[PDB]
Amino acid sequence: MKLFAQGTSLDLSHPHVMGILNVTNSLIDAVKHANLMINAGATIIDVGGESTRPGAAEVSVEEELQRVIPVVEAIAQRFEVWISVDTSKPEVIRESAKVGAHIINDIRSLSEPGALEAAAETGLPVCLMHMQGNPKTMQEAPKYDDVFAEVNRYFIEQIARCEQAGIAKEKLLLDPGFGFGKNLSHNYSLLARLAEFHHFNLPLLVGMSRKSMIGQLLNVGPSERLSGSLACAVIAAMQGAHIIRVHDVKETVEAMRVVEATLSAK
């Protein structure tokens, strides 16, 4: 199982670590941070210029472009590392793809006007992430009769939706979107059953690093969540998750090596 973008490949026979690069000189700090994460073992750098927090004061297209496009550009013309962009906006999708982005990672699964078509036209791999509702309001009262089933259903529908717009099944990644319209129980239900999302035969991407599913369980703030975060990463990778999105790269890469050695021996 592989992915193809910008004339190179990503080999998903083992877990990859995705380093979070939040951009909210700005440009000099970001490149350094991307460098430190590449050295630490990160093979994808995730550039994100719009807060996805439950607060959610949305940003303009011009400001998202200002924050994201120079950073993606800088990274693609130094390093060989794959680059993913956290955007919902078709112009950011178009523009970051031109300057060398490899993966469109949209928390809204290309639901914005023109986003689906803009993604189609780039030919780049697209991540389909589940969220109930939208960021402004998703956390007030998350509710499912059956969270696994509803997330499963969501991937069926979105995979079709992307196929119909001319994006090949081979381009898609799936992500049940931990913390995106989910309480603590919902999140752990999805993590315990994550291996069952393999039936789609698509790479699974997951993102639990320092999230409330650790914070609420341990009753600690965001800087005290590393052990819980590594536990979540290992639990997911043991179930065959292909990409782990994290803040703490060195520690996550160390944990993934232990998982790789374990899965080799099976």
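Residue positions are given as counts along the sequence shown, with the first one as 1. Just so we're on the same page, rigid core means the largest C-alpha set that superposes within 1.5 Å between forms.
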Between 127-135 and 86-94, the one drifting more in C-alpha RMS in 8 other deposited structures of this protein once the core is aligned is 127-135
In 8 other deposited structures of this protein, with the rigid core superposed, the stretch whose C-alphas stray more from the shown form, 221-229 or 56-64, is 56-64
According to the PDB record, deposited residues with no modelled atoms between residue 24 and residue 25 number 10 or more
Mean B factor on CA atoms, stretches 162-170 and 127-135, record says higher is 162-170
The stretch carrying the higher mean Cα B factor in the deposited entry, 182-190 or 105-113, is 105-113
Entry record, C-alpha B-factors for 20, 10, 255, 243; the maximum is at 10
One of 204, 56, 238, 226 has the largest Cα B-factor in the entry, namely 56
Assert third(CA B-factor, residue 199) within chain per record equals middle
Residue 218: CA temperature factor from the record, placed by chain third, in the lowest
Residue 100: CA B-factor among chain residues, third -> highest
Assert third(CA B-factor, residue 76) within chain per record equals highest
For residue 119, the third of its chain by CA B-factor is the highest
